[PDB]
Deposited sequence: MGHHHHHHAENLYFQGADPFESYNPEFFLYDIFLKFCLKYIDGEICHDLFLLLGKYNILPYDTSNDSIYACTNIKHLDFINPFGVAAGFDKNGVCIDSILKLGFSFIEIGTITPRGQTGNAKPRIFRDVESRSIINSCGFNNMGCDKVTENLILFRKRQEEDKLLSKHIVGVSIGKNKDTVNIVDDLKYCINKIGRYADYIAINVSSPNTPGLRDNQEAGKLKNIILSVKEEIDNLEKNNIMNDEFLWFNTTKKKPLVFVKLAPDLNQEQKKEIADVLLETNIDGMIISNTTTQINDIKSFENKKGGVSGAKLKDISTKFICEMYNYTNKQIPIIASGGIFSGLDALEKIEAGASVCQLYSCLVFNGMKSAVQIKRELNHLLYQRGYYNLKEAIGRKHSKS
């Protein structure tokens, strides 16, 4: 009930959201969300998640299948509040070794009609040292907090605008923040850092993955794991949707050869040009117009990797049916971003309820049974 109690479905957040979406600049709305979360004003989801919808990637045990994608809490300033909206994990970042402002504002625009976003942020963030401090404070609160004990935090790492060789920046971040992360996401897919997506070429990607796995493995050589797993972070790579079939196949071969732990499919696209209000805007597109592109990409990569590399789905997930489509395509877990922007505080409670209903209606015993079922 949205009227009798303060909870994630509280009606006033919907009224306010509809006002913001009509009249207020996107990044300003986001700053207000982060302000509310920073002060823990936001409501909590207090309910037991269904045991039949839990999922895992190796030893990462997600209490439910929905997390928040990178770029939402770039600096890790309200991890707690976002998770307590009902999400099982969050990926903070993308961070870089040194703080940087990113591109000039305005650099984010929304199209409500088509539930789409375009952004040219440019990796704005406070820098690895400060974000590490934020994550350490979270980890210290998490040890005492009944609600946060099993929640997972990943960290997405990238390079500073000026950096020649991306591996130097990735190594700096791993050595600073890696011991507080449940997983590291290697961002080689932003469309807003010129040349970054060239690092998806097989030779370059292979060297990047091995360098990152080596730097993580060297942490124990130099109490250690102050994270949820109590184990060294897993390594994921976040992939761009704008690739041809030859590129996707060579990437899949590298992911198999390097024993990467998972792949995040996918980042924003540069190939959607049928949104009027975006016509002269720069950046990558998120939201409902990305859904089909990224689901097909999941199917392709699940098959190219012989179902051996777990998939984190990202792209146009708004509803329980969208989530089930991703899972049946091959994903083990889903990340939301645009859903939070357009459906607001209730996003996680609503989508979890809708997916539990679908799993019943479709005859699945649990969610794991549905993973990859399109291909069976």
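Colleague: Which residue ranges of the deposited sequence are not present in the modelled coordinates?
Modeller: Unmodelled stretches, in sequence order: 1 to 17, 240 to 245, 400 to 401.
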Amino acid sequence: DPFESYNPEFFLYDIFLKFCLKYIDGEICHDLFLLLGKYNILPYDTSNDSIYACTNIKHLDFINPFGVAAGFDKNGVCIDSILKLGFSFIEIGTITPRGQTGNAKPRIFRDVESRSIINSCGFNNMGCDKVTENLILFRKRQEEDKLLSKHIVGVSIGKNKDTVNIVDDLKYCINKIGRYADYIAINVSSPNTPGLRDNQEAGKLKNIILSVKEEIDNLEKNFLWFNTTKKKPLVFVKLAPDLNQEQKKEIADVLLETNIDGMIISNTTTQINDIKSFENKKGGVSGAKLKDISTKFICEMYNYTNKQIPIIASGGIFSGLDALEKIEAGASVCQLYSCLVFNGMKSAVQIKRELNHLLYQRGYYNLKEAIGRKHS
From here on, numbers count along this sequence of modelled residues.
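Basically, rigid core = biggest C-alpha set you can superpose within 1.5 Å across the two forms.
Colleague: Core-aligned, which moves more in 9 other deposited structures of this protein: 242 to 250 or 144 to 152, by CA RMS?
Modeller: Taking the RMS over all superposed structures in 9 other deposited structures of this protein, 144 to 152 lies farther out.
Colleague: When the core is superposed, where do the C-alphas shift more in 9 other deposited structures of this protein: in 70 to 78 or in 198 to 206?
Modeller: Looking at 198 to 206 and 70 to 78 in 9 other deposited structures of this protein, the bigger mover is 198 to 206.
Colleague: Please compare 212 to 220 with 176 to 184 and name the stretch with the higher mean C-alpha B-factor in the deposited structure.
Modeller: The deposited B-factors put 212 to 220 ahead on the C-alpha mean.
Colleague: According to the deposited model, is the average Cα temperature factor higher in 257 to 265 or in 225 to 233?
Modeller: Averaged over C-alpha atoms, the B-factors run higher in 225 to 233.
Colleague: Between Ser189, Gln247, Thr295, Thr101, which carries the biggest CA temperature factor in the record?
Modeller: Across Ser189, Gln247, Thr295, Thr101, the entry lists the biggest C-alpha B-factor for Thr101.
Colleague: Could you check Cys299, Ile82, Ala240, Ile275 and tell me which one carries the biggest Cα B-factor in the deposited entry?
Modeller: The listed residue with the largest C-alpha B-factor is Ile275.
Colleague: Lowest, middle or highest third of the chain for the C-alpha temperature factor of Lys289?
Modeller: Middle third by C-alpha B-factor.
Colleague: According to the PDB entry, is the CA B factor of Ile57 in the bottom, middle or top third of its chain, that is, lowest, middle or highest?
Modeller: Within its chain, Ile57 is a middle-third residue by C-alpha B-factor, going by the deposited values.
Colleague: Grab the CA temperature factor for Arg353 from the record and place it in the lowest, middle or highest third of its chain.
Modeller: Its C-alpha B-factor belongs to the middle third of this chain's values.
Colleague: Based on the deposited C-alpha B factors for this chain, I'd like to know if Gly127 is in the lowest, middle or highest third.
Modeller: According to the entry, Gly127 has a C-alpha B-factor in the chain's middle third.
Colleague: Would the CA B-factor of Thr193 place it in the lowest, middle or highest third of its chain?
Modeller: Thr193: CA B-factor falls in the middle third of its chain.
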